[PDB]
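A.B. asks: Chains as they are written, first to last, in the deposited numbering: chain K, 14 to 27, 37 to 139; chain I, 14 to 27, 37 to 139; chain J, 17 to 27, 37 to 61, 74 to 139; chain D, 2 to 23, 32 to 208; chain C, 2 to 23, 32 to 214; chain E, 4 to 98, 113 to 268, 277 to 290, 299 to 302, 310 to 333.
Quick reminder that beta carbons are idealized off the backbone N, C-alpha and C, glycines included.
#1: For residue 112 of chain J and residue 86 of chain J, what's the separation of their Cα atoms in angstroms?
#2: Going by alpha carbons, who is nearest to residue 41 of chain J out of J:120, J:24 and J:126?
#3: Would you say residue 60 of chain C lies against chain I (beta-carbon separation less than 8 angstroms)?
#4: Going by DSSP in three states, residue 119 of chain C sits in which element: helix, strand or coil?
#5: Tell me the DSSP secondary structure of residue 161 of chain C in three-state form.
#6: Please report the straight-line C-alpha distance between residue 227 of chain E and residue 131 of chain E, rounded to a whole angstrom.
#7: Give the single residue among D:163, D:138, D:83 and D:198 whose Cα lies nearest to the Cα of residue 94 of chain D.
#8: Does at least one heavy atom of the ligand PLP sit under 7 angstroms from the Cβ of residue 39 of chain D?
#9: Relative to the C-alpha of residue 156 of chain C, which candidate in C:169, C:149 and C:96 has its C-alpha closest?
#10: Opposite residue 315 of chain E in the DSSP bridges: which residues?
#11: So residue 21 of chain J and residue 133 of chain J are supposed to be a Cβ contact under 8 angstroms. How far apart are they, rounded?
#12: DSSP three-state label for residue 40 of chain K, please.
#13: Can you pull the chain I neighbours of residue 133 of chain J, defined as C-beta to C-beta under 7 angstroms?
#14: Which residues of chain D have a Cβ atom closer than 9 angstroms to the Cβ of residue 295 of chain E, listed in chain order?
#15: Going straight from the alpha carbon of residue 191 of chain D to that of residue 161 of chain E, what length do you get?
#16: Would you be able to state if there are at least three C-beta pairs under 8 angstroms between the stretch 142-149 of chain D and the stretch 99-109 of chain D?
#17: What in chain C is Cβ-close to residue 73 of chain D, meaning under 7 angstroms?
#18: Starting from the C-beta of residue 50 of chain K, find all residues in its chain whose C-beta is less than 8 angstroms away, skip the five residues before and the five after it, and write them out in chain order.
#19: If you measure between the beta carbons of residue 6 of chain E and residue 205 of chain E, is that distance less than 8 angstroms?
#20: Out of E:146, E:166 and E:210, state which residue places its alpha-carbon closest to the alpha-carbon of residue 156 of chain E.
#21: Which stretch, first to last residue, makes up the alpha helix (DSSP H) that contains residue 284 of chain E?
#22: Cutting at 8 angstroms between CB atoms, please list the residues of its own chain near residue 56 of chain I, excluding the five before and the five after it.
#23: At which residues does the alpha helix (DSSP H) containing residue 204 of chain E begin and terminate?
#24: Residue ranges of each alpha helix (DSSP H) run of no fewer than 4 residues wholly in the stretch 57-86 of chain K, ordered along the chain?
#25: Less than 8 angstroms between the C-beta atoms of residue 260 of chain E and residue 137 of chain E, yes or no?
#26: Identify each residue in the stretch 166-188 of chain D for which the Cβ-Cβ distance to at least one residue of chain E is less than 9 angstroms, and report them in chain order.
#27: Please name the residue in E:181, E:150, E:193 and E:187 whose C-alpha comes closest to that of residue 166 of chain E.
#28: My guess is that residue 19 of chain D and residue 38 of chain D are in contact by the Cβ rule of under 8 angstroms, so how many angstroms apart are they, rounded?
#29: Return yes when the Cβ of residue 76 of chain C is within less than 8 angstroms of the Cβ of residue 101 of chain C, no when it is not.
#30: I'd like to check one pair, residue 119 of chain E with residue 41 of chain E: are the Cβ atoms closer than 8 angstroms?
#31: Could you check where the beta strand (DSSP E) with residue 97 of chain D kicks off and where it finishes?
#32: Quick check on residue 107 of chain C - is its C-beta less than 8 angstroms from some C-beta in chain I?
#33: So, does the CB of residue 15 of chain C fall closer than 8 angstroms to a CB anywhere in chain D?
#34: Mapping the DSSP letters down to three states, classify residue 196 of chain C as helix, strand or coil.
#35: Since residue 10 of chain C meets chain I, which of its residues come closer than 7 angstroms, beta carbon to beta carbon?
#36: Fully enclosed by the stretch 23-73 of chain E, which alpha helix (DSSP H) runs are 4 residues long or longer?
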């Protein structure tokens with residue numbers, strides 16, 4: 014799944039990235055993921071609380087909405103397999119996999135910020 | 014739950039939406055919802071004041087009038103069990119259920135906006 | 017509110042085919058007082086009488102709405118809140134009338 | 002530094018429909042649930058007409074660079090040259106006397122005007138509806154002029170006065186062509202509020 | 002080292018549009042999720058106006074070095090000068106009476122007003138929606154004044170008086186030239202929270 | 004640019020409004036031919052000052068059926084309300114099962130909507146220029162609504178089907194009375210359609226209408242009477258135009282017949313005018329002389 018993490022360098026075109043994706047339209051996603059990450063940090067056991075799961079549901083809802091609002095972000099989310107990994111995390115209900123996902127998202131975000139107009 | 018995604022994907026018919043529903047055709051509805059929502063936020067206790075129950079009936083009145091005015095809104099609300107949900111909300115008078123309602127409806131809007139002309 | 021209107025659906038003509046076209050002026054009258074003298078409410082009664090003459094369907098409506106007694110008690114109260122609530126009720130009636138339509 | 006107040010009152014002469022909120034309603038002031046004239050509308054009718062009375066080149070239209078007097082009078086900074094709006098047009102609201110007269114004479118605040126559609130070769134009657142604000146009503150507005158040069162005030166004020174006449178003759182809001190938008194101005198008052206300027 | 006507290010009430014004349022958070034929402038708080046006017050806007054607007062009121066050169070317009078009395082009022086401490094601000098502007102909050110009255114009249118705090126940006130040589134009016142706070146609402150504000158030197162409180166208060174009046178016939182917020190942001194000040198009170206300074210002959214109107 | 008327009012009501016002009024008042028709140032004179040529009044508020048305030056409101060209501064809900072008993076004037080007579088009082092609660096008067118009202122404003126003042134005037138102007142332009150893209154010029158020529166027209170210039174008239182045998186339509190109309198001088202404003206952004214251009218356009222349209230409809234109803238007494246009144250050739254020179262509703266549906278013969286068949290679709302498989317009792321003079325509704333400044 015790390016090929017989707019170094020694909021960001023594979024998506025450096027001419037001179038726009040991800041068809042003009044900017045961190046100004048992705049800041050909301052970072053804040054929402056970080057908010058749930060702190061809740062997962064407070065959680066001690068592996069088995070996630072149901073309210074936390076619904077939080078994941080709201081997260082994916084936000085993902086879909088953001089993809090709807092902006093096209094470059096939509097390309098990012100689809101081309102990086104965001105929705106399948108989100109559903110998988112929801113399926114696994116494990117904290118540790120969730121932290122793995124957050125790290126993946128962080129790598130995506132940071133690498134994206136490295137390349138910007 | 015998130016039965017919303019299923020309803021929207023099933024309504025992707027032939037590229038019409040619920041026979042041509044658009045998000046700008048929902049505006050006041052969401053607006054009204056949002057108003058109640060923030061009021062709902064400011065309250066502390068889960069027991070909803072009689073004035074808020076009257077505002078919930080007012081939201082249902084808005085839904086009924088909008089469904090009567092636009093046939094596509096009527097189909098959306100009919101299939102989405104929106105009126106059942108609202109009636110159940112009125113019966114329940116519990117804040118947490120209301121917040122769940124807010125999330126479900128917002129999801130509906132987001133998914134619909136996800137597939138638009 | 018809703019109960020009577022959902023119950024007057026004659027299996037599906039509402040009050041034998043009521044149309045909002047007939048309530049327009051009625052609607053207008055309501056809204057005017059809403060912006061805001075008891076004589077104005079009296080004229081409201083009068084206009085109810087006028088439109089109730091205009092069509093039998095509207096008269097059967099207002100009776101099945103118990104409109105006139107409500108208005109009489111409203112004018113009896115003279116309290117602005119009671120009038121506002123009344124207007125809300127009328128709006129609700131109109132709304133459900135609109136929904137259950139051909 | 003100095004600020005110039007303008008106090009005045011518009012009277013509506015032909016039926017009026019702005020209809021921002023759009032069976033196609035009109036804008037309303039939510040604390041009063043009453044009509045207003047969103048001063049944005051004033052600004053826009055103003056600038057459009059003024060550009061019309063001055064040079065409006067087709068290339069200048071395409072590039073949205075407006076006449077230098079116009080641009081300086083209302084501030085643009087779209088061509089890269091820093092320009093601060095020299096006049097602000099605020100909103101306006103019903104007058105106390107106007108509302109009092111309406112209540113005393115039982116005058117409705119809004120009119121629904123039917124617009125019948127007739128098609129040639131069929132003459133099929135499909136009415137439409139539209140709302141208009143009661144004609145003859147008056148709103149109180151404010152224009153705030155800012156002084157950025159003690160020598161440009163006279164020229165800028167001259168342009169504003171001629172533009173007020175143009176706004177009176179033309180129609181404001183939508184459906185100007187069908188008879189909606191004729192207003193007059195009355196009771197203009199001029200009084201500088203901040204600074205030591207002679208008016 | 003005394004501190005003079007100033008309280009007052011912002012009454013919104015026309016629509017108010019901060020728009021900090023953004032389709033583009035205004036700054037709305039988080040604990041009450043009711044909109045507030047972040048002080049940073051207030052202080053910036055008052056500062057820019059008061060700077061304009063005094064002299065301002067193009068070389069002065071270069072890098073935000075401004076007139077010295079204003080500087081003492083707001084602090085720059087930039088050219089190696091020792092200047093900490095003596096007047097701090099806090100945030101504004103949707104005060105309770107407003108929420109109460111609106112609830113008992115069932116009115117929103119925030120409107121969405123739609124604009125039609127017309128394009129020349131195109132004749133297309135594109136709809137853009139702007140969210141702005143409803144009229145007649147109020148916030149409460151607190152300013153803190155510090156007395157770094159005793160015989161300059163009156164002189165600084167004269168500059169404050171001019172800047173406060175400047176805000177009443179100006180717009181605070183976004184895009185006021187389209188007629189949004191007019192505000193007023195009411196119920197001014199002056200107290201010295203900490204110290205032994207008299208603030209009775211002192212007034213702001 | 005900008006021009007001031009005067010309108011001379013040659014014949015009755017009426018504008019369809021959509022509010023048809025029936026026998027409710029309607030008082031008429033069978034022996035003076037005058038109908039009195041009645042202030043609802045003042046009338047009911049009198050009704051309460053005599054405590055007969057319940058009586059009036061009970062009459063209102065269920066009409067007595069009998070044609071003579073049916074009527075508000077009869078209700079007032081049953082309550083013996085004095086002719087002095089019966090005059091005291093009259094909003095206004097004009098000279113009848115239903116009545117169609119003209120438009121009124123929030124001040125209940127009758128006016129000629131600029132939309133109707135603009136539509137009639139566009140009709141002459143479309144007929145003369147064969148819609149020379151008249152959809153385009155439609156935006157660049159702006160017409161204001163009319164200034165108020167006081168009541169004394171309002172009248173009730175019976176719709177008359179002028180034909181070989183003059184027929185009478187069942188319903189009546191409020192319409193402006195003769196010769197009324199009515200001013201409004203016009204604004205010009207498309208100078209191609211000059212004022213004189215428009216004037217000649219109107220003239221040509223009327224000339225075409227004359228040889229297509231007016232010359233046909235000859236051998237009718239009332240028909241010929243109107244044509245003689247004033248004189249047709251001099252009227253042809255003037256910018257005459259038919260306004261609002263009630264004008265003939267018309268405003277090659279075989280295509281006209283087919284199209285009229287379609288539009289009326299006996300109708301599935310006729311001139312409008314008004315005939316006066318006062319002077320025994322008929323004027324067709326709609327015609328007005330229009331002049332510029």
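C.D. replies: Let's see:
#1: Translated into the one-based positions of the third chain, residue 112 of chain J becomes position 75. Translated into the one-based positions of the third chain, residue 86 of chain J becomes position 49. Linking residue 112 of chain J to residue 86 of chain J through their CA atoms gives a straight-line distance of about 16 angstroms.
#2: Taking the third chain and counting its residues from 1, the one referred to as residue 41 of chain J is at position 16. Restricting attention to J:120, J:24 and J:126, the CA atom closest to the CA of residue 41 of chain J is found in J:24.
#3: On the fifth chain, residue 60 of chain C is found 51 positions in, with the first residue counted as 1. No, residue 60 of chain C lies away from the interface with chain I (no Cβ there is under 8 angstroms from its Cβ).
#4: Along the fifth chain, read from residue 1 onward, the residue named residue 119 of chain C stands at position 110. Strand at residue 119 of chain C.
#5: Numbered from 1 along the fifth chain, position 152 holds the residue referred to as residue 161 of chain C. Here residue 161 of chain C sits in helix by DSSP.
#6: Along the sixth chain, one-based indexing puts residue 227 of chain E at 210. Along the sixth chain, one-based indexing puts residue 131 of chain E at 114. Residue 131 of chain E has its alpha-carbon roughly 26 angstroms from the corresponding atom of residue 227 of chain E.
#7: Position 85 of the fourth chain holds residue 94 of chain D. Nearest option by C-alpha distance: D:83.
#8: The ligand PLP is not part of this structure, which contains no ligands at all.
#9: Position 147 of the fifth chain, counted from the first residue, corresponds to residue 156 of chain C. Taking each of C:169, C:149 and C:96 in turn and checking the Cα distance to residue 156 of chain C, the smallest one comes out for C:96.
#10: Translated into the one-based positions of the sixth chain, residue 315 of chain E becomes position 275. Answer is E:322.
#11: Position 5 of the third chain, counted from the first residue, corresponds to residue 21 of chain J. Position 96 of the third chain, counted from the first residue, corresponds to residue 133 of chain J. That belief holds up - the Cβ atoms of residue 21 of chain J and residue 133 of chain J are roughly 4 angstroms apart, short of 8 angstroms.
#12: Looking up residue 40 of chain K in the first chain gives position 18. Correct three-state label for residue 40 of chain K: coil.
#13: As a working note, residue 133 of chain J is residue 96 in the third chain. The contact set of residue 133 of chain J on chain I, defined by CB atoms closer than 7 angstroms, consists of 86 in chain order.
#14: Structure remark: chain E lacks residues between 290 and 299, so residue 295 of chain E is without coordinates.
#15: Here residue 191 of chain D refers to the residue found at position 182 when the fourth chain is read from its first residue. Here residue 161 of chain E refers to the residue found at position 144 when the sixth chain is read from its first residue. Residue 161 of chain E has its alpha-carbon roughly 8 angstroms from the corresponding atom of residue 191 of chain D.
#16: Because the criterion of three Cβ pairs below 8 angstroms is met, the stretch 99-109 of chain D and the stretch 142-149 of chain D touch.
#17: Here residue 73 of chain D corresponds to residue number 64 of the fourth chain, with the count starting at 1. Taking a Cβ-Cβ cut-off of 7 angstroms, the neighbours of residue 73 of chain D in chain C comprise 129, given in sequence order.
#18: For the purposes of this step, residue 50 of chain K is identified with residue 28 of the first chain, where counting begins at 1. Taken in chain order, the residues that qualify are 84 and 88.
#19: Taking the first residue of the sixth chain as 1, we reach residue 6 of chain E at position 3. Taking the first residue of the sixth chain as 1, we reach residue 205 of chain E at position 188. Yes.
#20: Position 139 of the sixth chain, counted from the first residue, corresponds to residue 156 of chain E. Of all alpha-carbon atoms in E:146, E:166 and E:210, the one lying nearest the alpha-carbon of residue 156 of chain E is that of E:210.
#21: As a position in the sixth chain, residue 284 of chain E is number 259, starting the count at 1. Per DSSP, the unbroken alpha helix (DSSP H) holding residue 284 of chain E starts and ends at 278-289.
#22: Stepping through the second chain from its first residue, residue 56 of chain I is reached at position 34. There are no such residues.
#23: In the sixth chain, counting from the first residue as 1, residue 204 of chain E sits at position 187. It is not in any alpha helix (DSSP H) - residue 204 of chain E instead sits in the beta strand (DSSP E) that spans 198-205.
#24: As far as the stretch 57-86 of chain K is concerned, it has no whole alpha helix (DSSP H) run of at least 4 residues.
#25: Position 243 of the sixth chain holds residue 260 of chain E. Position 120 of the sixth chain holds residue 137 of chain E. For residue 260 of chain E and residue 137 of chain E, yes; Cβs fall inside 8 angstroms.
#26: For chain E, the residues of the stretch 166-188 of chain D that bring a beta carbon within less than 9 angstroms of one of its beta carbons are 178, 179, 180, 184, 185, 186, 187 and 188, in chain order.
#27: Working through the sixth chain from its first residue, we reach residue 166 of chain E at position 149. The candidate whose alpha carbon is nearest that of residue 166 of chain E is E:193.
#28: Mapped onto the fourth chain, residue 19 of chain D falls at position 18. Mapped onto the fourth chain, residue 38 of chain D falls at position 29. Rounded to whole angstroms, the Cβ separation of residue 19 of chain D and residue 38 of chain D is 12 angstroms, and the two are not in contact under 8 angstroms.
#29: The count along the fifth chain starts at 1 and reaches residue 101 of chain C at position 92. The count along the fifth chain starts at 1 and reaches residue 76 of chain C at position 67. Residue 76 of chain C sits away from residue 101 of chain C, with the two beta carbons spaced by 8 angstroms or more.
#30: The residue given as residue 41 of chain E occupies position 38 in the sixth chain. The residue given as residue 119 of chain E occupies position 102 in the sixth chain. Not in contact: residue 41 of chain E and residue 119 of chain E (Cβ atoms no closer than 8 angstroms).
#31: As a working mapping, residue 97 of chain D is identified with position 88 in the fourth chain. From DSSP, the beta strand (DSSP E) with residue 97 of chain D extends over 96-103.
#32: Numbered from its first residue, the fifth chain carries residue 107 of chain C at position 98. Residue 107 of chain C does not count as touching chain I.
#33: Working through the fifth chain from its first residue, we reach residue 15 of chain C at position 14. Interface residue, yes.
#34: Taking the fifth chain and counting its residues from 1, one reaches residue 196 of chain C at position 187. In the three-state DSSP reduction, residue 196 of chain C falls in the strand class (E or B).
#35: Here residue 10 of chain C refers to the residue found at position 9 when the fifth chain is read from its first residue. Here the premise fails: no neighbours, minimum Cβ distance about 20 angstroms.
#36: For the stretch 23-73 of chain E, the continuous alpha helix (DSSP H) assignments of 4+ residues that do not extend past its boundaries occur at 43-52 and 56-64, in sequence order.
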